[PDB]
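Chains as they are written, first to last, in the numbering used here: chain A, 1 to 122; chain B, 1 to 105; chain C, 1 to 119; chain D, 1 to 56; chain E, 1 to 147; chain F, 1 to 729. Reading through the structure tokens given below for one structure.
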Amino acid sequence: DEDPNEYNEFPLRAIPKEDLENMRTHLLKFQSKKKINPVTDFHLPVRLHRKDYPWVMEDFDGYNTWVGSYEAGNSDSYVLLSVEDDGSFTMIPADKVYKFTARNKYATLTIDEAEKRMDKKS
Amino acid sequence: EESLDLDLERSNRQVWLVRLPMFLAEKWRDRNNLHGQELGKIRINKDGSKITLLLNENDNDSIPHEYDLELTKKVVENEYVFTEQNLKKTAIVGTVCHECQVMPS
Amino acid sequence: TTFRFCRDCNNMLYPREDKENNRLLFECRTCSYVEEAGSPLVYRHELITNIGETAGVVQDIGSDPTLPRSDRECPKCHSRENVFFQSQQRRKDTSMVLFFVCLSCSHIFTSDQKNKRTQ
Amino acid sequence: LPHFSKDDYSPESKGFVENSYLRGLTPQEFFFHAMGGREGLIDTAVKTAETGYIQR
Amino acid sequence: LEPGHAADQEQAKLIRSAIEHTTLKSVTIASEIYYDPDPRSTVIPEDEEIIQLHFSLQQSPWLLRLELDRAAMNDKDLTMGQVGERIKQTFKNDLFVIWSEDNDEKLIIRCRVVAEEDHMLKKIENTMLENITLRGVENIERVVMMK
Amino acid sequence: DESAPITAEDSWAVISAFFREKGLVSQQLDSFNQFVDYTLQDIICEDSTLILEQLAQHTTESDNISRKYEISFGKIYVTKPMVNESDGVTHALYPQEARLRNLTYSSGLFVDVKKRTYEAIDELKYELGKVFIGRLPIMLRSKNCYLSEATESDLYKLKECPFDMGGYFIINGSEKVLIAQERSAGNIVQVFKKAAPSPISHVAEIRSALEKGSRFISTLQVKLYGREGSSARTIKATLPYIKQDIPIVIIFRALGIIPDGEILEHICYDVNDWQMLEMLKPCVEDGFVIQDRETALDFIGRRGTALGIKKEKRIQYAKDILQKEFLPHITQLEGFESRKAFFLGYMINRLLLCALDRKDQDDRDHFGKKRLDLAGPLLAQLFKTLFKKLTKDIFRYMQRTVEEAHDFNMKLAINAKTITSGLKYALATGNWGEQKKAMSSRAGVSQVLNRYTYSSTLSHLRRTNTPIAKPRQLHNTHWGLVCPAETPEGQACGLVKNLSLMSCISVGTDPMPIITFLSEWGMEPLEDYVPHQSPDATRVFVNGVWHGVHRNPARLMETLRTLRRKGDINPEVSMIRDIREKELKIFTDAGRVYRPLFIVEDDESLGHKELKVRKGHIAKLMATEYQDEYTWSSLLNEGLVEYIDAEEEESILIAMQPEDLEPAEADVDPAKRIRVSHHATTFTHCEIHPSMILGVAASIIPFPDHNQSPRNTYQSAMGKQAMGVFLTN
RNA sequence: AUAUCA
Ligand SMILES: [Mg+2]
Ligand SMILES: [Zn+2]
Ligand SMILES: [Zn+2]
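And the structure:
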């Protein structure tokens with residue numbers, strides 16, 4: 001109909017073909033239950049390493065580690081939309097989505113011993 | 001840089017995650033990089049928040065059809081985007097502030 | 001019953017008695033989490049069940065052609081339009097009582113002339 | 001049968017053949033009589049060998 | 001039946017009752033485990049009256065509370081007293097039993113033992129439903145009277 | 001008045017059209033054709049290509065040369081039937097010459113073969129026709145048979161009888177009929193109470209198998225340990241290649257669903273339902289020992305196999321078992337833990353639902369849960385094992401000919417006699433398997449066609465065998481699909497089923513156009529499911545594979561139904577919506593027995609709920625009946641009539657008579673039988689004609705509605721032994 | 001071996 005109203009429309013740059021990380025824009029997802037807070041003095045550092053490939057995420061020692069696994073695909077796909085200072089949007093396709101994928105921990109000096117006790121059970 | 005390190009999300013940069021239909025993405029690939037690959041535009045309408053996506057005329061010869069977007073919640077999850085460059089440096093680019101699905105039209 | 005999980009772990013909660021202040025808690029056996037109990041009831045058996053009777057009553061219940069209709073006037077909207085079925089609790093014992101679901105107000109009324117319900 | 005409403009304990013639904021053979025059977029009566037009829041043929045068939053071995 | 005009482009239908013019923021097997025399970029609506037730390041005062045306001053008496057004219061804070069079916073308690077003729085007596089006589093002096101009166105609206109049996117007690121009571125309720133024989137002879141179910 | 005309601009005599013005009021098009025052996029022909037046009041190619045392409053690599057000693061020339069040779073199989077060809085006489089000459093062969101000279105009515109199988117060569121030095125692979133493979137017997141009247149496009153006068157010149165209906169093969173001059181074999185449908189979740197003396201009280205079974213490709217007959221059992229009144233009622237599951245039954249929890253953990261409650265969310269969908277949840281507490285306690293994904297896989301890996309000692313080895317195993325042997329339908333791919341976890345959770349939900357006395361134990365005798373393996377799939381089963389027999393004999397040759405560099409001669413490589421005589425054996429003898437060393441093989445699959453009387457021949461091409469709860473009884477689900485009277489007396493009584501006149505058997509279509517359609521029509525994929533967010537979500541399945549959920553099934557179901565009734569979704573595809581259970585199951589699946597029914601719609605401007613087909617269509621058909629443009633297909637695409645299998649039958653409501661069972665009441669003849677009423681306003685379908693519930697033999701019985709049940713069963717056995725003209729030739 | 005006969 002007629003537009004008595006105003007719309008703010010931004011130009012979308014359908015994905016720029018040539019980007020430095022054009023190849024990789026990925027999603028790292030954490031479950032809310034994990035309660036990971038990026039703003040942590042502790043979580044100032046973080047390392048992301050391929051485990052030889054699930055990704056391994058670790059803070060300084062004494063902190064939790066997470067494992068990242070890749071989710072299955074579909075017909076639709078996800079794009080990351082970022083906005084420049086100028087309103088224009090640049091979109092980038094998500095290369096892969098990973099669900100992380102960390103530790104607990106409190107899994108040391110156990111597991112193998114608990115199973116054995118369980119066996120001392122039958 | 002520091003090898004194996006992750007970069008800077010601390011800046012709290014926000015980004016949007018949008019689900020697009022495969023056919024639309026296919027069309028988008030067509031756009032020339034040289035052009036800057038301007039696929040089309042996003043419209044934000046008031047009188048309630050409505051967001052739609054429309055393809056550029058160049059993309060197809062017809063009347064551009066708007067693709068409505070369904071806004072969705074973050075869900076009980078925190079989504080962050082990390083990028084890996086050719087250099088293989090890893091950076092924590094931003095957090096997903098809003099999620100949306102572009103419906104097919 | 002209706003039980004909780006540990007925020008932080010999401011792992012289930014095991015009851016612990018606070019011997020000193022004579023009160024019930026819920027501990028997490030994966031982390032150091034503890035929370036006080038909502039109810040004193042920890043375990044409920046239930047041998048003579050009634051939960052299953054009015055199962056799968058989707059508002060689309062009217063769209064099942066296999067379901068039979070009756071001209072019984074509703075207790076709420078007084079509508080003589082309703083679909084009916086028997087206790088969906090697939091047990092031998094079970095009575096042949098009927099459950100009527102209103103094709104307007106959606107209220108579940110029974111034919112039970114021995115007892116009075118709310119489910 | 002799919003020709004009936006759910007939770008139908010009526011004679012007509014649970015296999016009561018109302019009609020005489022002289023009058024004829026309705027499709028429903030016909031199929032139910034067929035189910036009941038098949039039961040006897042099964043025991044006639046089985047009994048035959050079970051009964052034989054008992055004799056031996 | 002015994003020579004004399006051959007036509008006596010009421011005598012038949014008496015034996016029927018004395019022989020047809022009855023378990024605590026057949027009378028129970030549901031069993032519940034509660035944390036009721038004061039043996040003298042109860043968190044369930046319903047039970048408040050049952051304590052007020054089965055006290056006047058040391059033990060576990062964990063309570064096993066089971067509701068019995070009045071209708072079921074009648075067809076297989078039984079009293080709250082006699083049901084309770086079986087439980088009491090099964091677990092001897094290592095279980096403290098109280099029970100709501102046959103008159104009282106809801107039919108209840110409150111049980112308590114004499115660190116770590118949750119699993120202990122779940123065993124006691126299984127023993128109770130599955131192993132406690134009220135009336136009848138073992139292996140003897142559905143007893144019909146016939147003329 | 002071309003939109004006037006249809007009478008009872010008009011149902012015959014539709015039946016006339018059904019038979020004008022389909023004929024009496026549509027099942028036999030439609031099956032074979034599907035196998036020749038499609039199935040055959042896919043069998044040549046599953047394993048297909050085979051490679052042999054010759055990597056050197058890397059000493060010095062002539063060493064340090066690494067090679068890899070390829071052999072590929074492309075398009076498959078199939079000639080018209082031919083014969084190779086003693087004096088070399090090959091020429092066409094007609095059915096009559098086959099029967100007289102005791103030949104086989106077979107045609108040639110030809111496949112495009114390609115042989116590539118590659119090489120490297122001491123990582124980079126660099127590159128350095130149509131072959132006969134066997135004679136495949138043709139089923140008469142099929143697409144490939146000469147007699148398919150044959151007119152009446154044509155057949156007579158060919159010394160064939162036009163009344164002959166085809167549906168058999170000609171092997172060494174005797175006619176042979178493949179008998180449909182009845183098996184339980186696979187990829188199907190079923191819950192059963194395990195009897196009074198058992199540790200396990202209930203079991204959830206799934207007979208998982210692939211539509212095509214090796215066919216891993218691994219059946220997953222989800223066991224509820226402990227009986228009704230036993231403490232510590234745990235849930236463990238027996239995994240293929242694993243000796244012990246693993247507690248469900250550890251499986252979810254090994255899958256990646258690590259915390260309890262995240263695990264519980266996959267099993268119980270209602271956070272309110274305390275009853276089911278208490279029942280899961282023991283399992284959580286059982287899996288408490290294992291806390292991460294790794295330790296879960298080790299625990300699975302520990303329990304062999306054999307054991308396969310070494311820590312790195314056992315954890316690597318469990319990965320493979322969960323990927324390749326656990327729930328092989330769905331996917332055998334990698335990153336699909338989310339899909340297989342939600343499925344296991346759907347299985348535990350069903351196991352507990354039955355144990356909580358909310359659902360009934362699965363009817364092992366429901367006809368909807370049974371499949372019929374016809375001539376198509378039977379040949380497909382045989383051809384698979386016969387082609388892998390040839391594939392691995394060519395490899396044995398490629399080794400023999402690369403050792404001596406004897407020039408890989410094609411004729412020496414492929415042994416034609418392998419597939420030719422391999423099929424000829426089965427069809428002849430009847431032991432459906434390889435080969436002159438058969439047992440256990442299933443004898444009587446192929447047999448000599450009864451030619452006593454014409455009816456005897458007809459009823460033999462509609463016969464069903466059931467090998468090995470109460471199978472002999474006539475089930476309600478057998479209505480309109482199988483004849484209630486035509487069954488033998490003695491030993492085979494009720495195990496030999498005979499198809500009703502209007503019964504057909506699903507050929508098997510492609511699931512992807514429907515999976516692609518679904519996602520596009522509001523189907524949220526399982527990979528992103530959050531049970532408590534969308535808790536009333538209708539779970540959607542396509543061939544026992546849970547694909548996702550949908551929020552407004554009402555509208556989706558109508559779209560899918562309109563898709564079928566238009567032709568866009570194939571009419572042989574079964575789709576059912578169980579509202580109460582909140583489920584939408586779809587079947588593209590082969591082997592399902594279906595029957596056609598008239599569609600009834602509330603949809604009528606003028607009055608009540610009325611049968612789509614009107615007196616105008618009826619005359620539109622009888623116009624085409626006088627011509628010998630409006631076929632059976634015409635009624636099918638105009639969505640007037642539909643195909644309904646036993647599973648779908650569960651959700652419909654059928655009227656017996658149209659006219660008698662449509663307009664309500666606004667003296668009565670005493671001689672007529674006592675009839676019921678059209679009380680239903682809900683009617684979705686109407687019966688074309690109730691007499692169609694009967695098979696070929698019972699359909700010659702005059703007034704079978706006036707005879708005692710078995711007297712009819714007797715006649716449909718005797719008429720097979722009655723003399724008459726069997727064929728005019 | 002299948003089919004069948006009472
Ligand atoms: Mg005789
Ligand atoms: Zn915790
Ligand atoms: Zn109402």
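We treat Cβ as the ideally placed atom computed from N, Cα and C, and that holds for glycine.
Within the model, the alpha-carbon separation for residue 367(F) versus residue 34(A) is close to 48 Å.
Around the beta carbon of residue 279(F), 16 or more other beta carbons lie within 10 angstroms, which makes this residue buried. Close to residue 26(F), with beta-carbon spacing below 8 Å, lies no residue of chain E; the smallest spacing is near 55 Å.
About 5 Å separates the beta carbons of residue 646(F) and residue 477(F), which is inside the 8 Å limit, making them a contact pair. Under the Cβ criterion of 8 Å, residue 43(D) is not counted among the residues facing chain C. For residue 79(C), the Cβ falls inside the 7 Å cut-off from some heavy atom of ligand 3. For residue 104(C), the distance from the CB to the nearest heavy atom of ligand 3 is below 7 Å. Inter-segment contact for the region 121 to 134 of chain F and the region 91 to 98 of chain F is absent: fewer than three beta-carbon pairs are separated by less than 8 Å.
Note: residue 25(C) is bridge-paired with 16(C) and 36(C) in the DSSP secondary-structure output.
At least one heavy atom of ligand 3 is found less than 7 Å from the C-beta of residue 107(C). Annotation for residue 76(F): the continuous beta strand (DSSP E) segment containing it runs 66 to 84. Taking all protein chains shown into account, residue 526(F) has 16 or more neighbouring C-beta atoms within 10 Å of its C-beta and is therefore buried.
At least 8 Å separates the CB of residue 3(E) from every CB of chain C. Going by DSSP, residue 102(A) is part of the beta strand (DSSP E) stretching over 96 to 102.
One Cα belongs to residue 50(B), the other to residue 71(B), and the distance between them is close to 9 Å.
Contact note: residue 58(C) reaches chain F through 536, 579, 580 and 582, using a C-beta cutoff of 8 Å and chain order. The residues 524, 549 and 551, in chain order, have a CB closer than 8 Å to that of residue 534(F) in the same chain once the five nearest residues on each side in sequence are set aside.
By alpha-carbon distance to residue 241(F), the top candidate from 220(F), 256(F) and 259(F) is 220(F).
The three-state secondary structure of residue 665(F), taken from DSSP, is coil. Within the same chain, and ignoring the five residues on either side of residue 41(B) in sequence, the residues whose Cβ sits closer than 7 Å to its Cβ are 54. Burial check for residue 78(B): the Cβ neighbour count within 10 Å reaches 16 or more, so the residue is buried. By the 16-neighbour rule on beta-carbons within 10 angstroms, residue 698(F) is buried. Per DSSP, the continuous beta strand (DSSP E) segment holding residue 28(E) begins and ends at 28 to 35.
For residue 40(B), the uninterrupted beta strand (DSSP E) run begins and ends at 38 to 45, by DSSP.
Your pair residue 376(F) and residue 31(F) checks out as a contact, with CB atoms roughly 4 Å apart and the cut at 8 Å. Under the DSSP assignment, residue 387(F) falls in the alpha helix (DSSP H) whose first and last residues are 375 to 403.
Take the alpha-carbon of residue 113(F) and the one of residue 291(F): they are about 53 Å apart.
Look at which beta carbons fall closer than 6 Å to any heavy atom of ligand 2; those residues are 6(C), 8(C), 9(C), 11(C), 28(C), 30(C), 31(C) and 33(C).
Relative to residue 81(B), the option among 60(B), 97(B), 28(B) and 69(B) whose CA is nearest is 97(B). For residue 63(C), the chain F residues whose C-beta falls within less than 7 Å of its own C-beta are 554 and 579, listed in chain order. In its chain, beyond the 5 residues on either side, 158, 159 and 160 have a beta carbon closer than 7 Å to the beta carbon of residue 96(F).
Taking the C-beta atoms as reference points, residue 15(C) is found no nearer than 8 Å to residue 43(E). For residue 399(F), the CB contacts under 8 Å within the same chain, skipping 5 residues up- and downstream, are 52 in chain order. If you look at residue 235(F), you'll find it in the beta strand (DSSP E) that goes 235 to 238. At a Cβ-Cβ threshold of 8 Å, residue 14(E) and residue 134(E) do not count as neighbours.
Taking CB atoms only, residue 28(E) has a neighbour in chain C less than 8 Å away.
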